[PDB]
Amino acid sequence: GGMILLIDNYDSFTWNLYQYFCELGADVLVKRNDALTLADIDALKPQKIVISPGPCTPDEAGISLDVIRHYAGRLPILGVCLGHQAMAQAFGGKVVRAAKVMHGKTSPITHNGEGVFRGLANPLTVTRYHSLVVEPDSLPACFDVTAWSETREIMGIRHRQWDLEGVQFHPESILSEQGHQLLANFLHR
């Protein structure tokens, strides 16, 4: 089938991600990161996986890291905020304090028109709820940086071989520009 599995990491906004994907006509199953095993995912046979934001570290995000390790190269995966950092960590990346902590602030980001930014305007204004970024110096070679903040912080990554992509912002915030088309790129791609 075309079922999308959204792994809920206990974010304030995870049902906004669910509703945006329903607006695009997706069949979405939502499971908390500790209510699901790898064996369960195998039985469900999702076409794709989304790893949601959440207020914990990648290590504390239940099966989130295990899903990246087991399904990278097997199913398309999208990481949002925590999901994006988990993606970075799983391949050898490091996460560090951002310049300024950003809680419901909009910033312009510049992208390369690749991955989820295919066909989207540049620059793009997006909503941020995070205090950590993926450290640019230690970013595994397998990732391209797909988007930068005005202060040169990583806002997006794409795996060079596999359908495996992270965004550091909330595309589903009502003031995140082209949030629907960005997620449509992941859905229909």
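All residue numbers are counted from 1 along the displayed sequence.
The PDB entry records a higher mean C-alpha B factor for 128-136 than for its counterpart among 128-136 and 45-53. Mean CA B-factor, 98-106 versus 69-77: the higher value falls on 98-106. When the C-alpha B factors of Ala39, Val30, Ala147, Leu164 are read from the deposited coordinates, the top value falls at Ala39. Remark: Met3 belongs to the highest third of its chain, ranked by C-alpha B-factor as recorded.
Ranked within its chain, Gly119 lands in the lowest third, by CA B factor from the PDB record. Per the deposited record, the Cα B-factor of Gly83 falls in the lowest third when ranked against the other modelled residues of its chain. For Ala141, the recorded CA temperature factor ranks within the highest third of the chain's modelled residues. Sort the modelled residues of the chain by CA B factor and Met155 lands in the middle third.
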